[PDB]
$ cat my_file23.pdb   # PDB, C-alpha atoms and all ligand atoms
ATOM      1  CA  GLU A   1      90.227 -48.246  42.741
ATOM      2  CA  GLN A   2      88.798 -47.736  46.227
ATOM      3  CA  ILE A   3      90.720 -45.991  49.000
ATOM      4  CA  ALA A   4      87.719 -46.320  51.330
ATOM      5  CA  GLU A   5      89.434 -48.572  53.853
ATOM      6  CA  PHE A   6      92.958 -47.072  53.889
ATOM      7  CA  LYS A   7      91.595 -44.008  55.699
ATOM      8  CA  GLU A   8      90.790 -46.083  58.772
ATOM      9  CA  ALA A   9      94.424 -47.187  58.868
ATOM     10  CA  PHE A  10      95.684 -43.632  58.607
ATOM     11  CA  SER A  11      93.415 -42.630  61.471
ATOM     12  CA  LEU A  12      94.852 -45.340  63.722
ATOM     13  CA  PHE A  13      98.366 -43.901  63.630
ATOM     14  CA  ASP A  14      97.058 -40.306  63.844
ATOM     15  CA  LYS A  15      96.119 -39.640  67.464
ATOM     16  CA  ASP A  16      95.470 -35.894  67.218
ATOM     17  CA  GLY A  17      94.128 -36.054  63.665
ATOM     18  CA  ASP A  18      96.459 -33.337  62.359
ATOM     19  CA  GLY A  19      96.588 -35.156  59.011
ATOM     20  CA  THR A  20     100.179 -36.375  59.511
ATOM     21  CA  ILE A  21     102.033 -39.211  61.286
ATOM     22  CA  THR A  22     105.076 -38.479  63.418
ATOM     23  CA  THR A  23     107.616 -40.875  64.835
ATOM     24  CA  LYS A  24     106.003 -40.556  68.261
ATOM     25  CA  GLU A  25     102.516 -41.458  67.056
ATOM     26  CA  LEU A  26     103.891 -44.426  65.129
ATOM     27  CA  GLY A  27     106.064 -45.553  68.037
ATOM     28  CA  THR A  28     103.094 -45.306  70.393
ATOM     29  CA  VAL A  29     101.134 -47.715  68.187
ATOM     30  CA  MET A  30     103.997 -50.209  67.834
ATOM     31  CA  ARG A  31     104.687 -50.357  71.576
ATOM     32  CA  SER A  32     101.042 -50.999  72.345
ATOM     33  CA  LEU A  33     101.250 -53.896  69.914
ATOM     34  CA  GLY A  34     104.211 -55.546  71.662
ATOM     35  CA  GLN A  35     107.283 -54.258  69.927
ATOM     36  CA  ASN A  36     110.025 -51.956  71.081
ATOM     37  CA  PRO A  37     111.513 -49.840  68.300
ATOM     38  CA  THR A  38     114.733 -47.944  68.829
ATOM     39  CA  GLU A  39     114.445 -44.174  68.329
ATOM     40  CA  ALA A  40     116.674 -44.386  65.244
ATOM     41  CA  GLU A  41     114.545 -47.230  63.852
ATOM     42  CA  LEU A  42     111.404 -45.100  64.046
ATOM     43  CA  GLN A  43     113.211 -42.428  62.049
ATOM     44  CA  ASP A  44     114.205 -44.745  59.183
ATOM     45  CA  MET A  45     110.700 -46.207  59.021
ATOM     46  CA  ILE A  46     109.364 -42.670  58.690
ATOM     47  CA  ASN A  47     111.936 -41.826  56.023
ATOM     48  CA  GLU A  48     111.188 -44.685  53.646
ATOM     49  CA  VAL A  49     107.685 -43.478  52.913
ATOM     50  CA  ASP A  50     108.605 -39.797  53.382
ATOM     51  CA  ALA A  51     108.658 -38.434  49.841
ATOM     52  CA  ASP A  52     108.902 -34.686  50.515
ATOM     53  CA  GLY A  53     111.555 -34.708  53.283
ATOM     54  CA  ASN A  54     109.000 -33.344  55.696
ATOM     55  CA  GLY A  55     109.752 -35.811  58.447
ATOM     56  CA  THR A  56     106.076 -36.723  58.856
ATOM     57  CA  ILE A  57     103.584 -38.617  56.731
ATOM     58  CA  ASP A  58     100.226 -37.451  55.358
ATOM     59  CA  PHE A  59      97.703 -39.477  53.384
ATOM     60  CA  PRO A  60      99.485 -38.979  49.973
ATOM     61  CA  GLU A  61     102.693 -40.642  51.160
ATOM     62  CA  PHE A  62     100.734 -43.183  53.197
ATOM     63  CA  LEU A  63      98.591 -43.979  50.166
ATOM     64  CA  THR A  64     101.684 -44.499  48.033
ATOM     65  CA  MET A  65     103.122 -46.873  50.624
ATOM     66  CA  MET A  66      99.880 -48.853  50.681
ATOM     67  CA  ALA A  67      99.877 -48.971  46.885
ATOM     68  CA  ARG A  68     103.459 -50.230  46.890
ATOM     69  CA  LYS A  69     102.452 -53.013  49.274
ATOM     70  CA  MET A  70      99.250 -53.586  47.327
ATOM     71  CA  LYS A  71     101.080 -56.205  45.319
ATOM     72  CA  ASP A  72     100.848 -59.324  47.442
ATOM     73  CA  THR A  73     104.584 -59.608  47.961
ATOM     74  CA  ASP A  74     104.051 -61.512  51.219
ATOM     75  CA  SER A  75     107.532 -60.614  52.419
ATOM     76  CA  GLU A  76     109.150 -62.593  55.226
ATOM     77  CA  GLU A  77     109.212 -59.529  57.482
ATOM     78  CA  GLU A  78     105.462 -59.133  57.014
ATOM     79  CA  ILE A  79     105.028 -62.836  57.711
ATOM     80  CA  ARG A  80     107.337 -62.789  60.710
ATOM     81  CA  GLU A  81     104.984 -60.378  62.409
ATOM     82  CA  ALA A  82     102.018 -62.628  61.843
ATOM     83  CA  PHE A  83     103.871 -65.453  63.412
ATOM     84  CA  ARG A  84     104.661 -63.282  66.357
ATOM     85  CA  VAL A  85     101.041 -62.418  66.709
ATOM     86  CA  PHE A  86      99.730 -66.006  66.483
ATOM     87  CA  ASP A  87     102.440 -67.441  68.713
ATOM     88  CA  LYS A  88     100.436 -66.416  71.755
ATOM     89  CA  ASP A  89     102.682 -67.839  74.456
ATOM     90  CA  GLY A  90     106.037 -67.058  72.875
ATOM     91  CA  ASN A  91     107.561 -70.506  72.834
ATOM     92  CA  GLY A  92     108.619 -70.343  69.189
ATOM     93  CA  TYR A  93     106.079 -72.852  67.991
ATOM     94  CA  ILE A  94     102.543 -72.383  66.893
ATOM     95  CA  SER A  95     100.453 -75.154  68.275
ATOM     96  CA  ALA A  96      97.334 -76.244  66.438
ATOM     97  CA  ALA A  97      95.199 -74.647  69.170
ATOM     98  CA  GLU A  98      96.753 -71.260  68.509
ATOM     99  CA  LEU A  99      96.169 -71.376  64.758
ATOM    100  CA  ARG A 100      92.763 -73.053  65.161
ATOM    101  CA  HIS A 101      91.787 -70.185  67.465
ATOM    102  CA  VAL A 102      92.745 -67.721  64.723
ATOM    103  CA  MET A 103      90.191 -69.322  62.368
ATOM    104  CA  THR A 104      87.337 -68.268  64.670
ATOM    105  CA  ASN A 105      88.251 -64.637  64.000
ATOM    106  CA  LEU A 106      86.261 -62.932  61.296
ATOM    107  CA  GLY A 107      88.671 -62.734  58.370
ATOM    108  CA  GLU A 108      87.699 -65.999  56.721
ATOM    109  CA  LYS A 109      85.755 -69.045  57.875
ATOM    110  CA  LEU A 110      88.449 -71.546  57.139
ATOM    111  CA  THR A 111      86.770 -74.880  57.722
ATOM    112  CA  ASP A 112      88.271 -77.242  60.279
ATOM    113  CA  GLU A 113      89.305 -79.636  57.503
ATOM    114  CA  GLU A 114      90.982 -76.776  55.631
ATOM    115  CA  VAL A 115      92.835 -75.794  58.807
ATOM    116  CA  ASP A 116      93.894 -79.412  59.388
ATOM    117  CA  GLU A 117      95.388 -79.553  55.879
ATOM    118  CA  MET A 118      97.231 -76.347  56.618
ATOM    119  CA  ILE A 119      98.836 -78.046  59.627
ATOM    120  CA  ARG A 120      99.442 -81.336  57.777
ATOM    121  CA  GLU A 121     101.288 -79.717  54.878
ATOM    122  CA  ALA A 122     103.234 -77.347  57.123
ATOM    123  CA  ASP A 123     104.412 -79.649  59.925
ATOM    124  CA  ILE A 124     107.356 -81.252  58.142
ATOM    125  CA  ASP A 125     109.101 -82.310  61.385
ATOM    126  CA  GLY A 126     105.918 -84.142  62.443
ATOM    127  CA  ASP A 127     105.426 -82.869  65.998
ATOM    128  CA  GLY A 128     101.969 -81.280  65.735
ATOM    129  CA  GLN A 129     103.525 -77.824  65.680
ATOM    130  CA  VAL A 130     104.532 -75.099  63.252
ATOM    131  CA  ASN A 131     107.843 -73.436  63.965
ATOM    132  CA  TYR A 132     109.005 -70.318  62.144
ATOM    133  CA  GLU A 133     110.810 -72.267  59.413
ATOM    134  CA  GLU A 134     107.832 -74.475  58.583
ATOM    135  CA  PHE A 135     105.444 -71.534  58.761
ATOM    136  CA  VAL A 136     107.602 -69.546  56.368
ATOM    137  CA  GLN A 137     107.855 -72.466  53.955
ATOM    138  CA  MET A 138     104.110 -72.994  54.086
ATOM    139  CA  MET A 139     103.444 -69.368  53.190
ATOM    140  CA  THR A 140     106.270 -68.968  50.667
ATOM    141  CA  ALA A 141     105.518 -70.032  47.091
TER     142      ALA A 141
ATOM    143  CA  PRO B   1      80.791 -29.967  81.217
ATOM    144  CA  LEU B   2      81.755 -32.817  83.549
ATOM    145  CA  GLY B   3      79.437 -33.093  86.530
ATOM    146  CA  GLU B   4      77.907 -35.126  89.326
ATOM    147  CA  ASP B   5      74.965 -36.214  87.201
ATOM    148  CA  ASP B   6      77.090 -37.712  84.394
ATOM    149  CA  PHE B   7      78.475 -40.476  86.637
ATOM    150  CA  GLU B   8      75.091 -41.676  87.807
ATOM    151  CA  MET B   9      74.019 -41.348  84.165
ATOM    152  CA  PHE B  10      76.890 -43.541  82.941
ATOM    153  CA  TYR B  11      76.027 -46.088  85.620
ATOM    154  CA  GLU B  12      72.355 -45.769  84.649
ATOM    155  CA  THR B  13      72.538 -46.570  80.932
ATOM    156  CA  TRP B  14      74.789 -49.476  81.922
ATOM    157  CA  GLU B  15      71.550 -51.222  82.877
ATOM    158  CA  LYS B  16      70.108 -50.403  79.448
ATOM    159  CA  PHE B  17      72.963 -52.260  77.713
ATOM    160  CA  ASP B  18      73.323 -54.728  80.636
ATOM    161  CA  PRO B  19      70.121 -55.334  82.599
ATOM    162  CA  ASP B  20      71.587 -58.614  83.897
ATOM    163  CA  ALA B  21      74.324 -56.664  85.760
ATOM    164  CA  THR B  22      77.126 -58.800  84.353
ATOM    165  CA  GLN B  23      79.646 -55.911  84.541
ATOM    166  CA  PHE B  24      80.929 -57.060  81.156
ATOM    167  CA  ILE B  25      79.966 -56.150  77.595
ATOM    168  CA  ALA B  26      80.514 -57.868  74.221
ATOM    169  CA  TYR B  27      82.908 -55.666  72.240
ATOM    170  CA  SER B  28      80.512 -55.441  69.279
ATOM    171  CA  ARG B  29      77.778 -54.156  71.596
ATOM    172  CA  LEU B  30      80.069 -51.458  72.985
ATOM    173  CA  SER B  31      80.075 -49.087  70.023
ATOM    174  CA  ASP B  32      76.385 -48.255  70.442
ATOM    175  CA  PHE B  33      76.815 -47.824  74.208
ATOM    176  CA  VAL B  34      79.224 -44.932  73.809
ATOM    177  CA  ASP B  35      77.080 -43.405  71.058
ATOM    178  CA  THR B  36      74.012 -43.153  73.323
ATOM    179  CA  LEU B  37      75.876 -41.397  76.115
ATOM    180  CA  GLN B  38      75.906 -38.189  78.111
ATOM    181  CA  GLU B  39      77.057 -35.070  76.241
ATOM    182  CA  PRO B  40      80.529 -34.548  77.878
ATOM    183  CA  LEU B  41      81.476 -38.212  77.929
ATOM    184  CA  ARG B  42      79.772 -38.826  74.584
ATOM    185  CA  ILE B  43      81.777 -39.977  71.616
ATOM    186  CA  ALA B  44      80.327 -39.219  68.173
ATOM    187  CA  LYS B  45      78.502 -42.041  66.405
ATOM    188  CA  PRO B  46      81.445 -42.967  64.068
ATOM    189  CA  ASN B  47      83.425 -44.381  66.983
ATOM    190  CA  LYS B  48      84.822 -47.782  65.953
ATOM    191  CA  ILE B  49      88.274 -46.283  65.326
ATOM    192  CA  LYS B  50      88.327 -44.561  68.690
ATOM    193  CA  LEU B  51      87.305 -47.728  70.518
ATOM    194  CA  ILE B  52      90.111 -49.522  68.789
ATOM    195  CA  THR B  53      92.594 -46.834  69.816
ATOM    196  CA  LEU B  54      91.440 -46.888  73.431
ATOM    197  CA  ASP B  55      92.773 -50.417  74.083
ATOM    198  CA  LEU B  56      90.129 -51.355  76.582
ATOM    199  CA  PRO B  57      91.150 -54.762  77.890
ATOM    200  CA  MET B  58      88.794 -57.661  77.134
ATOM    201  CA  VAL B  59      88.432 -60.861  79.136
ATOM    202  CA  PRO B  60      87.455 -64.191  77.557
ATOM    203  CA  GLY B  61      85.621 -63.872  75.495
ATOM    204  CA  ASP B  62      85.343 -60.316  74.192
ATOM    205  CA  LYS B  63      84.105 -59.032  77.557
ATOM    206  CA  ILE B  64      85.175 -55.593  78.776
ATOM    207  CA  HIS B  65      84.831 -54.657  82.443
ATOM    208  CA  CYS B  66      82.531 -51.839  83.550
ATOM    209  CA  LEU B  67      85.349 -49.776  85.060
ATOM    210  CA  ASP B  68      87.802 -49.926  82.136
ATOM    211  CA  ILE B  69      85.144 -48.410  79.879
ATOM    212  CA  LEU B  70      84.294 -45.779  82.515
ATOM    213  CA  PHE B  71      87.768 -44.497  83.394
ATOM    214  CA  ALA B  72      88.806 -44.591  79.733
ATOM    215  CA  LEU B  73      85.837 -42.399  78.808
ATOM    216  CA  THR B  74      86.629 -39.930  81.597
ATOM    217  CA  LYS B  75      90.379 -39.798  80.948
ATOM    218  CA  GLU B  76      89.449 -39.114  77.347
ATOM    219  CA  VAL B  77      87.656 -35.948  78.414
ATOM    220  CA  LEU B  78      89.945 -35.461  81.360
ATOM    221  CA  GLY B  79      93.696 -35.624  81.852
ATOM    222  CA  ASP B  80      95.348 -38.837  82.983
ATOM    223  CA  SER B  81      95.861 -38.044  86.655
ATOM    224  CA  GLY B  82      97.736 -40.322  89.013
ATOM    225  CA  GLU B  83      94.877 -40.312  91.501
ATOM    226  CA  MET B  84      92.505 -41.868  88.978
ATOM    227  CA  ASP B  85      94.935 -44.687  88.339
ATOM    228  CA  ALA B  86      95.121 -45.302  92.070
ATOM    229  CA  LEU B  87      91.385 -44.857  92.466
ATOM    230  CA  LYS B  88      90.521 -47.517  89.907
ATOM    231  CA  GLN B  89      92.789 -50.044  91.596
ATOM    232  CA  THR B  90      90.996 -49.521  94.900
ATOM    233  CA  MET B  91      87.655 -49.778  93.121
ATOM    234  CA  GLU B  92      88.675 -52.978  91.347
ATOM    235  CA  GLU B  93      89.090 -54.818  94.634
ATOM    236  CA  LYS B  94      85.722 -53.566  95.825
ATOM    237  CA  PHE B  95      83.935 -54.693  92.661
ATOM    238  CA  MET B  96      85.382 -58.202  92.523
ATOM    239  CA  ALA B  97      84.620 -59.179  96.105
ATOM    240  CA  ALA B  98      81.289 -57.488  95.683
ATOM    241  CA  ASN B  99      80.449 -59.514  92.611
ATOM    242  CA  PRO B 100      78.601 -62.715  93.577
ATOM    243  CA  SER B 101      79.828 -64.382  90.400
ATOM    244  CA  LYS B 102      83.426 -65.522  90.198
ATOM    245  CA  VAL B 103      85.796 -65.401  87.219
ATOM    246  CA  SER B 104      89.549 -65.211  86.616
ATOM    247  CA  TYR B 105      91.167 -61.876  87.491
ATOM    248  CA  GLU B 106      93.085 -61.219  84.250
ATOM    249  CA  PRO B 107      92.055 -60.746  80.570
ATOM    250  CA  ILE B 108      94.731 -61.435  77.959
ATOM    251  CA  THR B 109      93.421 -59.269  75.104
ATOM    252  CA  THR B 110      92.887 -55.599  74.257
ATOM    253  CA  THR B 111      91.125 -53.979  71.318
ATOM    254  CA  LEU B 112      94.272 -52.685  69.651
ATOM    255  CA  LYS B 113      95.796 -56.141  69.803
ATOM    256  CA  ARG B 114      92.578 -57.746  68.520
ATOM    257  CA  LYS B 115      92.569 -55.421  65.500
ATOM    258  CA  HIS B 116      96.105 -56.375  64.568
ATOM    259  CA  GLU B 117      95.304 -60.016  64.929
ATOM    260  CA  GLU B 118      92.266 -59.675  62.678
ATOM    261  CA  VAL B 119      94.414 -57.811  60.142
ATOM    262  CA  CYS B 120      97.282 -60.286  60.244
ATOM    263  CA  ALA B 121      94.838 -63.176  60.021
ATOM    264  CA  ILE B 122      93.060 -61.842  56.921
ATOM    265  CA  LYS B 123      96.455 -61.464  55.244
ATOM    266  CA  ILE B 124      97.264 -65.133  55.900
ATOM    267  CA  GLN B 125      93.883 -66.542  54.848
ATOM    268  CA  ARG B 126      93.939 -64.324  51.760
ATOM    269  CA  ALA B 127      97.419 -65.589  50.886
ATOM    270  CA  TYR B 128      96.690 -69.200  51.705
ATOM    271  CA  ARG B 129      93.614 -69.202  49.501
ATOM    272  CA  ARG B 130      95.395 -67.545  46.619
ATOM    273  CA  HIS B 131      98.250 -70.016  46.851
ATOM    274  CA  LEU B 132      95.745 -72.837  46.571
ATOM    275  CA  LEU B 133      94.123 -71.503  43.421
ATOM    276  CA  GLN B 134      97.453 -71.283  41.750
ATOM    277  CA  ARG B 135      98.292 -74.890  42.512
ATOM    278  CA  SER B 136      94.999 -76.095  41.167
ATOM    279  CA  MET B 137      95.345 -74.015  38.050
ATOM    280  CA  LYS B 138      98.895 -75.219  37.451
ATOM    281  CA  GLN B 139      97.865 -78.839  37.938
ATOM    282  CA  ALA B 140      94.935 -78.566  35.554
ATOM    283  CA  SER B 141      96.859 -76.916  32.786
ATOM    284  CA  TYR B 142      99.780 -79.295  33.112
ATOM    285  CA  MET B 143      97.484 -82.288  33.030
ATOM    286  CA  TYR B 144      95.818 -80.960  29.897
ATOM    287  CA  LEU B 145      99.216 -80.140  28.370
ATOM    288  CA  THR B 146     100.580 -83.666  28.853
ATOM    289  CA  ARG B 147      97.319 -85.315  27.820
ATOM    290  CA  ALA B 148      97.265 -83.286  24.614
ATOM    291  CA  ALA B 149     100.843 -84.281  23.892
ATOM    292  CA  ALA B 150      99.942 -87.955  24.315
TER     293      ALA B 150
HETATM  294 CA    CA A 201      99.605 -36.551  63.967
HETATM  295 CA    CA A 202     105.800 -35.912  54.258
HETATM  296 CA    CA A 203     103.020 -71.133  71.207
HETATM  297 CA    CA A 204     107.197 -78.836  63.797
END
$ encode --input "my_file23.pdb" --output "structure tokens" --more "lines below"
Ligand SMILES: [Ca+2]
Ligand SMILES: [Ca+2]
Ligand SMILES: [Ca+2]
Ligand SMILES: [Ca+2]
Amino acid sequence: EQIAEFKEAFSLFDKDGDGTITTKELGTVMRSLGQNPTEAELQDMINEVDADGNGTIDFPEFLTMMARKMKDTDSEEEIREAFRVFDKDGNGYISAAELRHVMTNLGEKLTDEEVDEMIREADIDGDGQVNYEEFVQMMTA
Amino acid sequence: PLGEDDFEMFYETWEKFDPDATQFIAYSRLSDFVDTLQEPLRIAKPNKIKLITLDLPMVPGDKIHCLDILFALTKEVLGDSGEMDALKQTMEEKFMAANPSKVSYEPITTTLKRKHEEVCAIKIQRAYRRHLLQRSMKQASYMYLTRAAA
């Protein structure tokens, strides 16, 4: 198995490169991304992947966390964040434009027809828009 | 070793990566810019992760303003003084009016953001595609299973 890419991720949350991740470094990265964590919340997040009680997180613990998430669980919390990211204007609905714009990004060249089928099968209500409930249903099972 | 020469030198090699004097650079082009830079302000060649961490704002589409790059490179080497923050604001007004070309004032995206969006997007396309394969597989086997029973 290849850990080649997980190092880039570890580097992102390590500002000083001291080989560990504190609350403060993690909080810094979250805030820049658009989310406010409470101080207590940052602590619990740190604890879950904190094997050796240290209070910070080096590549071993980080690697284990990545391995745990390696299974494509596709949890609702993970999905919720994606919705937050794609819902550019924050109105609680993802318009076609928003999602269609995401296709241009590098991850995969979803064809326009493929994207249209994504919208067709997700928009139950029938109003040209994905809300959170439809988006979750589309991505669950 | 910050000096007088470095600032003219930053503004010089801007013409190398932007002869057209657009004052904007495609994000992909940026990594090489900072590699081929003056010694104090230079960032080592493996610099994609740093650029991501810098959060330089990008205007549509994927265009970063001359100043943002500049001040971010200096305040990397140098401390984040209040005067610089004020100085850039004054400079911003001078540059815009000065520019003959006209564009909207605000950019809605930054590199950190962009990297999360690319990550989150991959996760969704990867999941969507896998979900599809499963449906097809299930449909084929079931069809064969019923047909065989018949
Ligand atoms: Ca650290
Ligand atoms: Ca630890
Ligand atoms: Ca929206
Ligand atoms: Ca809807």
$ residues_near_ligand --input "my_file23.pdb" --ligand "ligand CA 204 (chain A)" --cutoff "12 Å" --atoms "all atoms listed in the file" --output "PyMOL selection string"
chain A and resi 92-96+119-138
$ resolve_selection --input "my_file23.pdb" --expression "the PyMOL selection byres (((not hetatm)) within 9 of (chain A and resi 201))" --output "PyMOL selection string"
chain A and resi 13-22+24-25+56-58
$ atom_distance --input "my_file23.pdb" --atom1 "CA of residue 97 in chain A" --atom2 "atom CA of ligand CA 203 (chain A)"
8.8 Å
$ resolve_selection --input "my_file23.pdb" --expression "the PyMOL selection byres (((not hetatm)) within 9 of (chain A and resi 202))" --output "PyMOL selection string"
chain A and resi 20-21+46-47+49-62
$ resolve_selection --input "my_file23.pdb" --expression "the PyMOL selection byres ((chain B) within 6 of (chain A and not hetatm))" --output "number ranges by chain"
B: 113, 120, 122
$ residues_near_point --input "my_file23.pdb" --point "(73.5, -54.0, 77.5)" --cutoff "12 Å" --atoms "all atoms listed in the file" --output "list in words"
residues 11, 12, 13, 14, 15, 16, 17, 18, 19, 20, 21, 22, 23, 24, 25, 26, 27, 28, 29, 30, 31, 32, 33, 34, 36, 63, 64 and 66 of chain B
$ write_last_selection --input "my_file23.pdb" --atoms "C-alpha atoms" --output "CSV table (one decimal), keeping the file's coordinate frame"
chain,number,residue,atom,x,y,z
B,11,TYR,CA,76.0,-46.1,85.6
B,12,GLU,CA,72.4,-45.8,84.6
B,13,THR,CA,72.5,-46.6,80.9
B,14,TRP,CA,74.8,-49.5,81.9
B,15,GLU,CA,71.6,-51.2,82.9
B,16,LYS,CA,70.1,-50.4,79.4
B,17,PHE,CA,73.0,-52.3,77.7
B,18,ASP,CA,73.3,-54.7,80.6
B,19,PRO,CA,70.1,-55.3,82.6
B,20,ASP,CA,71.6,-58.6,83.9
B,21,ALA,CA,74.3,-56.7,85.8
B,22,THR,CA,77.1,-58.8,84.4
B,23,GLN,CA,79.6,-55.9,84.5
B,24,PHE,CA,80.9,-57.1,81.2
B,25,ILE,CA,80.0,-56.2,77.6
B,26,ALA,CA,80.5,-57.9,74.2
B,27,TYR,CA,82.9,-55.7,72.2
B,28,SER,CA,80.5,-55.4,69.3
B,29,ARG,CA,77.8,-54.2,71.6
B,30,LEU,CA,80.1,-51.5,73.0
B,31,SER,CA,80.1,-49.1,70.0
B,32,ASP,CA,76.4,-48.3,70.4
B,33,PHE,CA,76.8,-47.8,74.2
B,34,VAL,CA,79.2,-44.9,73.8
B,36,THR,CA,74.0,-43.2,73.3
B,63,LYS,CA,84.1,-59.0,77.6
B,64,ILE,CA,85.2,-55.6,78.8
B,66,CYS,CA,82.5,-51.8,83.6
$ atom_distance --input "my_file23.pdb" --atom1 "CA of residue 45 in chain A" --atom2 "CA of residue 69 in chain A"
14.5 Å
$ residues_around --input "my_file23.pdb" --residues "residue 39 in chain B" --least-positions-apart "6" --cutoff "9 Å" --atoms "all atoms listed in the file" --output "number ranges by chain"
B: 1-2, 6
$ closest_residue --input "my_file23.pdb" --among "A:5, A:117, A:89, A:44" --to "ligand CA 203 (chain A)" --atoms "only C-alpha atoms and all ligand atoms"
A:89
$ atom_distance --input "my_file23.pdb" --atom1 "CA of residue 46 in chain B" --atom2 "CA of residue 69 in chain B"
17.1 Å
$ residues_around --input "my_file23.pdb" --residues "residue 72 in chain B" --least-positions-apart "2" --cutoff "10 Å" --atoms "all atoms listed in the file" --output "tab-separated table (two decimals) with C-alpha atoms, keeping the file's coordinate frame"
chain	number	residue	atom	x	y	z
B	41	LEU	CA	81.48	-38.21	77.93
B	51	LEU	CA	87.30	-47.73	70.52
B	54	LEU	CA	91.44	-46.89	73.43
B	55	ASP	CA	92.77	-50.42	74.08
B	56	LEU	CA	90.13	-51.36	76.58
B	67	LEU	CA	85.35	-49.78	85.06
B	68	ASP	CA	87.80	-49.93	82.14
B	69	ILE	CA	85.14	-48.41	79.88
B	70	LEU	CA	84.29	-45.78	82.52
B	74	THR	CA	86.63	-39.93	81.60
B	75	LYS	CA	90.38	-39.80	80.95
B	76	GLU	CA	89.45	-39.11	77.35
B	77	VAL	CA	87.66	-35.95	78.41
B	78	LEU	CA	89.94	-35.46	81.36
B	80	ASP	CA	95.35	-38.84	82.98
$ closest_residue --input "my_file23.pdb" --among "A:116, A:39, A:48, A:87" --to "ligand CA 203 (chain A)" --atoms "all atoms listed in the file"
A:87
$ closest_residue --input "my_file23.pdb" --among "A:111, A:90, A:65, A:84" --to "residue 117 in chain B" --atoms "all atoms listed in the file"
A:84
$ closest_residue --input "my_file23.pdb" --among "A:2, A:64, A:91, A:75" --to "ligand CA 203 (chain A)" --atoms "all atoms listed in the file"
A:91
$ axis_aligned_box --input "my_file23.pdb" --around "range 44-59 of chain B" --padding-each-side "5 Å" --output "AutoDock Vina command-line options"
--center_x 85.6 --center_y -50.0 --center_z 71.6 --size_x 24.3 --size_y 31.6 --size_z 25.1
